[PDB]
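Working notes, structure below.
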Amino acid sequence: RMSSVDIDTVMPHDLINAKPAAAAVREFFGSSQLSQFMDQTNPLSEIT
DNA sequence: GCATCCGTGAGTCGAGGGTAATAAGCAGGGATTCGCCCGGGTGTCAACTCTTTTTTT
């Protein structure tokens, strides 16, 4: 994207995607074989 | 006649409950679609006339 917009007479915070990688970190906790539901049934299961 | 490489298989019933990311712009002309309104066919009612089963004479 930096080739289209003129670099001269520009500033930051505009040539940067708002959520270019936030979805990649949000999908990790949401859908992942490792990150699973919490077994919060008793104090022993919370520690095991 | 053998050596190398590409398809099928994997039990069965039950739990558990939804998900998620990129992102030009404006000018011409038609097809589409929502508001109002006249309207003619469908209902809902005042209100004028034959028949007759007795109930009265």
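Coordinate-derived values only; no laboratory data. Quick reminder, even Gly has a Cβ in these numbers, built from the backbone with ideal geometry, and neighbours come from all protein chains shown.
Just one of the listed residues (A:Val5, A:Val10) is β-branched (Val, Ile, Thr) and within 11 Å of DNA strand B (Cβ to nearest atom), and it is A:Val5.
Only residues that are surrounded by 10 or more Cβ atoms within 10 Å (Cβ to Cβ) and either of a type in the set (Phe, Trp, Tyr) or more than 11 Å from DNA strand B (Cβ to nearest atom) (or both) were counted across segment A:26-38, and they come to 1. Is it fair to say A:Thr41 is more than 14 Å from DNA strand B (Cβ to nearest atom) and of a type outside the set (A, V, I, L, M)? Considered against the rule, which asks whether it is more than 14 Å from DNA strand B (Cβ to nearest atom) and of a type outside the set (A, V, I, L, M), A:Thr41 comes out as no.
Is there a residue being assigned to a loop (DSSP other than H, G, I, E, B) and among the small types (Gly, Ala, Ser) anywhere in segment A:17-25? Yes, some residue in segment A:17-25 is assigned to a loop (DSSP other than H, G, I, E, B) and among the small types (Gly, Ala, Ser). Checked against (1) assigned to a loop (DSSP other than H, G, I, E, B); (2) surrounded by 10 or more Cβ atoms within 10 Å (Cβ to Cβ), A:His13 meets all criteria but (2).
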